[PDB]
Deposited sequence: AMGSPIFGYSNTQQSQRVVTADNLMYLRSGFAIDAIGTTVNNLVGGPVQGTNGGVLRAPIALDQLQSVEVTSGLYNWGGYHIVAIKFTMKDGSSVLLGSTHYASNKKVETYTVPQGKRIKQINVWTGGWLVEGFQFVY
């Protein structure tokens, strides 16, 4: 009712970012998810120097998410891919499903009438291990 569940894992360090009036979610990704934020300057995760910045997600138009996490081929357990499906049916896939094993796929629909106001991000300083929407 008050937020999404925690996708992925929650054993690393949680930071919190406020969604702006643009209602945008920014990510750095490559073979996995490196960082998550709400501006190009406040991303939480690995260092800018670690993946590369992608186009942001319009949270006001986000319908559902499909989050792939598992044993990363280069070590540990992290979120390796997120697929964002928008209200109009189009989707975008950031990260990759192909460089991890023992994989879990989490699906969740953004409830009707909710605005995503904060994003919680769990990161160990290298990759993203979990994230959560707050309404």
Query raised in the report: Hey, which stretches of the deposited sequence didn't make it into the model?
Result: 50-52
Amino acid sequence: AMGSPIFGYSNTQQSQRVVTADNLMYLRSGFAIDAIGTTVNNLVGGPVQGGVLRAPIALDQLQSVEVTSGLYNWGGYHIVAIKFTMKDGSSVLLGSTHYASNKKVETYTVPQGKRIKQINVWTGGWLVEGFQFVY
From here on, numbers count along this sequence of modelled residues.
Requested in this report: Decide which of the stretches 39-47 and 23-31 has the higher mean C-alpha B-factor, going by the entry.
Outcome: 39-47
Requested in this report: Taking the mean of the C-alpha B-factors per stretch from the entry, tell me the winner out of 55-63 and 106-114.
Outcome: 106-114
Query raised in the report: Split the chain's modelled residues into thirds by Cα B-factor; is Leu94 in the lowest, middle or highest one?
Result: lowest
Query raised in the report: What third of its chain's C-alpha B-factors does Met86 belong to: lowest, middle or highest?
Result: middle
Query - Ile6 CA temperature factor, ranked by third within the chain - result: lowest
Report summary line: On the chain's distribution of Cα B-factors, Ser15 falls within the third called lowest
